[PDB]
Amino acid sequence: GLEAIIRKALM
Amino acid sequence: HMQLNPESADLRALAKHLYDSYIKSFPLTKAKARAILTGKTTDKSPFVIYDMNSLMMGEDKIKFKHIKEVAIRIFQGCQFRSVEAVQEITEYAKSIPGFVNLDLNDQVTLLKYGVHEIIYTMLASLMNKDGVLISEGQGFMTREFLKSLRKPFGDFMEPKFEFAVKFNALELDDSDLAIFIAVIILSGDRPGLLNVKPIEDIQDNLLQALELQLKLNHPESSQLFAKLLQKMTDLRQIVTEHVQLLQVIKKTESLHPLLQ
């Protein structure tokens, strides 16, 4: 779920 | 032979840009954490959790942003805080000049493999030999209380304490740490990166900025730069061990509403 939070936080 | 020249001025402007962005994304700074830990602040004195009774009294008095078994409730709080930190660390990464102009998949990869190293770097700011500040400075949980939690939770934070007591003896400040964390984020050796060269280029400029910051800021530690790169190496190890403990727990034992 780490990547999901990162992509979420980047865009 | 060091000179104050346009090149050095640009590296000082980069260091200031990162510091400003660092304390924006993480307002419990080391300066503020150290003031709380040494009792040199006018802010509210943290509630100390040093045993099971003070934890039960603490769940009430300490006001956590999160909402059957003590060890699992503590581990769940720890998990919540790491989810918020991933967002804070991403917001900092976006401030590093060059980072958002990288390939988005490489941005995601640097953050994915970097966030734990950065969490345990920043956690040292909050730690002393007695314990750790929690809930943005409102609580202090002792190191021995955490060690007293049943297996496998008892051994979860102790390696981070061990790292922090040696890391904190370097006496880095927020201006040093802001650049140190940017250096860790711009690691060109992360698995599955598409375009390494532009990452190494940014990292080289950050390494120049870090080296200058440490020379100006640490007159009595001539090889501090080398000692910091040695720590970046040691954080890799800490995180390898941490992901192993996380698997044991996942295979042997509800998450942030941001995931739901």
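Order of the sequence lines sets the chain letters (A, B, ...), proteins ahead of strands, with each chain counted from 1. The figures here come from the full heavy-atom set of this structure, side chains too, leaving out hydrogens, waters and symmetry mates.
Closest of all the heavy-atom pairs between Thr109(B) and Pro191(B) is CG2-O, 3.2 Å.
For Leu111(B), the parts lying under 4.5 angstrom from a heavy atom of chain A are both the backbone and the side chain. Only the side chain of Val115(B) comes within contact range of chain A, judged by heavy atoms closer than 4.5 Å. Only the side chain of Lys94(B) comes within contact range of chain A, with at least one heavy atom under 4.5 Å from a heavy atom of that chain.
The interface of residues 15-29 of chain B with chain A, defined by heavy-atom distances below 4.5 Å, is empty.
Contact check on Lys32(B) versus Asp174(B) returns no salt bridge, with no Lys/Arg side-chain nitrogen under 4.0 Å from an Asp/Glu carboxylate oxygen. Salt bridge status for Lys112(B) with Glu117(B): absent, with no side-chain N to carboxylate O gap under 4.0 Å.
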- Start with the C-alpha gap between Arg81(B) and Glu136(B), add the side-chain angles, then the distance that decides, and say whether salt bridge (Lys or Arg N to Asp or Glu O under 4.0 Å) holds. CA-CA 10 Å; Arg81(B) 181 67 189 88; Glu136(B) 290 306 296; 3.0 Å; yes

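Remark: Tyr113(B) pairs with no residue by the side-chain hydrogen bond (donor to acceptor under 3.5 Å, both in side chains) rule, at least two apart or across chains.
Between the side chains of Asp204(B) and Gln208(B), at least one donor N or O sits under 3.5 Å from an acceptor N or O.
Using cut-offs of 30° and 60° on the angle between ring planes, the pair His116(B) and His242(B) is perpendicular.
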